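Q: Here's a sequence, model it:
(chains A, B, C, D, E, F, G, H, I, J and K)
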Amino acid sequence: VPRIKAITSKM
Amino acid sequence: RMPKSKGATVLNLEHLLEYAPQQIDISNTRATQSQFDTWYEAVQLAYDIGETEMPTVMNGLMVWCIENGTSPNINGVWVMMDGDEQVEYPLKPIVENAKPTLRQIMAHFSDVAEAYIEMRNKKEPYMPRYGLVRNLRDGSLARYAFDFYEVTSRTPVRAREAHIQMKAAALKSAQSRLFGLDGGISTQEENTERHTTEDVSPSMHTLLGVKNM
Amino acid sequence: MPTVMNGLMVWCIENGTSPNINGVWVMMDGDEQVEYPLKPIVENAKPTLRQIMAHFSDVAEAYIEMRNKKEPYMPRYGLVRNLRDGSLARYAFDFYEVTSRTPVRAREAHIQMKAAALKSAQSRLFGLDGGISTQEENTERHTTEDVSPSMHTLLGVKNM
Amino acid sequence: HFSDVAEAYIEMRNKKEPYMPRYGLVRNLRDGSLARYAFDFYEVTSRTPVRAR
Amino acid sequence: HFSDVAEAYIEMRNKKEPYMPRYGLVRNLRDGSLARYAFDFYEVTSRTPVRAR
Amino acid sequence: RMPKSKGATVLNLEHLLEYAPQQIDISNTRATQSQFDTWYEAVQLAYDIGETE
RNA sequence: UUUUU
RNA sequence: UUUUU
RNA sequence: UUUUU
RNA sequence: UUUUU
RNA sequence: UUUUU
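A: Residues are numbered from 1 along each chain as shown, chains lettered A, B, ... in the order given. The protein structure is shown below:
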């Protein structure tokens, strides 16, 4: 189950 | 009695026998396949999750949406239980990319969630939160007591009745307002007037008929 | 074109033929969906969509029976109206045209579904009209000689 | 002159992604399905819905 | 241009601590969950909630 | 009837059997574990009280 | 007659 | 159809 | 979801 | 009719 | 469109 980032890329 | 147009038959009888749309795929309550497809690709695009790892996240999301509600006012983060700890995925892409609404997207998960409630009631008493809020005293209808159930023709009439009673108890005559303040805030026109050193007041050029008598 | 009409009839069996229908309607080609636009259908229906689709009435009626030969097929509209019968699903669609050669129990079911569906709809006739301008034109001439933008020249001011 | 072509362009853009035109975002139309009609220069034809009117 | 990045920055700061931006404190927004949208230069996109609009 | 996307199955059946979220930890009425964790550390930080006490 | 999505 | 957190 | 002092 | 940035 | 310190 992957942890997630807040301002992660591809945006 | 078959419809005519210019003396010609409007319908094809031959295709009418061989048409089996299975009653769910042509419903309005369930979003179209292209819209759910675009939603599923867009939420994967905003999570940076591989295609192998994405169904797990959907298994988590389905359960979370069983417990809580799939309203379009959903905000914050949704929780998936990894072992003993929690992971907090952002809700923004899910309600962001759901094109008709979140209800018609999540209605694809309807029978799988229905069987998931039964699988959880095999082990322990598992009534979903939405049924606890709607105060359904039955407990055996907890299989049908979730927010996004898509009423198929192959459901019990007592389950139809329970779902419609929960929906009507839930809406409570919601006056669906269409507009809210609009962004054109400026109601007063521009003061295009020129100011001058010669002027008497800021709002007044030159007293002109004052007679001082 | 008749194929497309066969698809449209079924879609209108499941959903409703209201004049507020928008979006796209779905036909099942094999396993995939095709999404025809709803705009021309409600656009060109001259009395309403109900009186157009009432040509498809008995064919849709027999289509429900043909689908109930194989599997339990109740149309969506009957699922929304919560008809507990199931054998009257042959009559439980939105655009059924009540002929003299129908059962009286089917008359009763259709009229109960219609009366349950309308719920005293106050048919309003007008909505805001496009003549938005309620204030007349300010035809007045502005002048360099003028005192204020809204005032030519104080004339009886006595300064006492 | 560009009225119905723009009207169908909003529908073509709403096929892919949620595309409400800016003017509807300024007018704060909560519907979303009427974004096909929520632009500045729409020419109201007789063949439009009364809810769109 | 900094609109959605600032929007996600408010959410990243609300992960840790209660972080409402000053502009929302001046506008006296009692919600707190809409602090993600309560800044001066937010660019209203079609993919925003109607309650945030 | 299991959901499809581009002919591919959207769900993982295998994880679906082994998922036991115990119905409370994924509720909205109960705050998340990180938020209660930050609350419990912050109220201890503002009281000057040891972890035993 | 219209109003049943 | 939307409105059920 | 918030609103229960 | 014009006035909707 | 500008006007939100």
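
Q: CA atoms for contacts and neighbours, from now on please.
A: Fine.

Q: Let me know how buried the residue lying closest to residue A:3 once chain neighbours are set aside is, in neighbour terms.
A: In space, and not counting its chain neighbours, residue A:3 is closest to residue B:87: 6.4 Å by CA to CA, 6 or more residues apart in numbering or on different chains. Per other CA atoms under 10 Å in any protein chain shown, the neighbour tally for residue B:87 reads 19.

Q: And residue B:184, which helix or strand is it part of?
A: Assigned by DSSP states H and E, residue B:184 belongs to no helix or strand.

Q: Please apply the same query to residue B:158.
A: Using DSSP H and E, residue B:158 sits within helix B:157-171.

Q: residues from chain A in reach of chain B?
A: For chain A, the contact set with chain B under CA under 8 Å from any CA of the partner chain comprises A:1, A:2, A:3, A:4, A:6, A:8, A:10, A:11.

Q: Can I have the buried ones of these as a ChimeraX selection?
A: This is how ChimeraX selects the buried members of these, with burial counted by 16 or more other CA atoms under 10 Å in any protein chain shown:
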select /A:2,6
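
Q: Mind checking which of the residues of chain A next to chain B land in strands?
A: Within the residues of chain A next to chain B, no residue falls in strands by DSSP state E.

Q: Name the residues of chain B found near RNA strand I, please.
A: Chain B comes close to RNA strand I at residues B:68, B:133, as judged by CA under 7 Å from any atom of the strand.

Q: list the contacts for residue B:60?
A: Residue B:60 makes contacts with B:79, B:80, B:81, as judged by CA atoms under 8 Å, 6 or more residues apart in numbering or on different chains.

Q: now these as CSV including secondary structure?
A: Formatted as CSV, the contacts of residue B:60 follow (DSSP: H, G, I helix; E, B strand; the rest coil):
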residue, secondary structure
B:79, strand
B:80, strand
B:81, strand
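
Q: Give me the subset of those residues that also touch chain F.
A: Counting by CA under 8 Å from any CA, the members of the contacts of residue B:60 near chain F are B:79, B:80, B:81.

Q: ok, the last one - contacts?
A: For residue B:81, the set of contacting residues under the criterion of CA under 8 Å, 6+ apart consists of B:60, B:87, F:21, F:25, F:26.

Q: Next, count neighbours for residue 7.
A: Assuming you mean chain A. Other residues within reach of residue A:7 by the criterion other CA under 10 Å amount to 15.

Q: sorry, should have said chain B
A: Using other CA under 10 Å, residue B:7 has 7 neighbouring residues.

Q: Which secondary structure element is home to residue B:94?
A: Using DSSP H and E, residue B:94 falls in helix B:92-97.

Q: list the helices and strands that helix packs on?
A: Other helices and strands packing on helix B:92-97, by 3 or more CA pairs under 8 Å, 6 or more residues apart in numbering or on different chains; DSSP states H and E, are helix B:33-45.

Q: so, in contact with chain E or not, the helix it packs on?
A: No. Helix B:33-45 stays clear of chain E (CA under 8 Å from any CA), getting no nearer than 12.4 Å.

Q: Give me the buried positions along the following helix or strand past that helix.
A: As assigned by DSSP H and E, the chain's next helix or strand after helix B:33-45 is helix B:54-67. Neighbour-count burial for helix B:54-67 flags B:54-67 (criterion: 16+ other CA under 10 Å).

Q: Spell out the secondary structure type for the residue nearest to residue A:3.
A: Residue B:87 falls in the strand class when you classify it by three-state DSSP.

Q: For it, name its beta-bridge partners.
A: As for beta bridges, residue B:87 partners with residue B:80 under DSSP bridges.

Q: Wait, it touches residue B:64, no?
A: No. In this structure residue B:87 lies outside contact range of residue B:64 using CA atoms under 8 Å: 11.9 Å.

Q: In chain B, which residue sits closest to RNA strand G?
A: Of all residues in chain B, residue B:28 sits closest to RNA strand G, at 5.9 Å by CA to the nearest atom of the strand.
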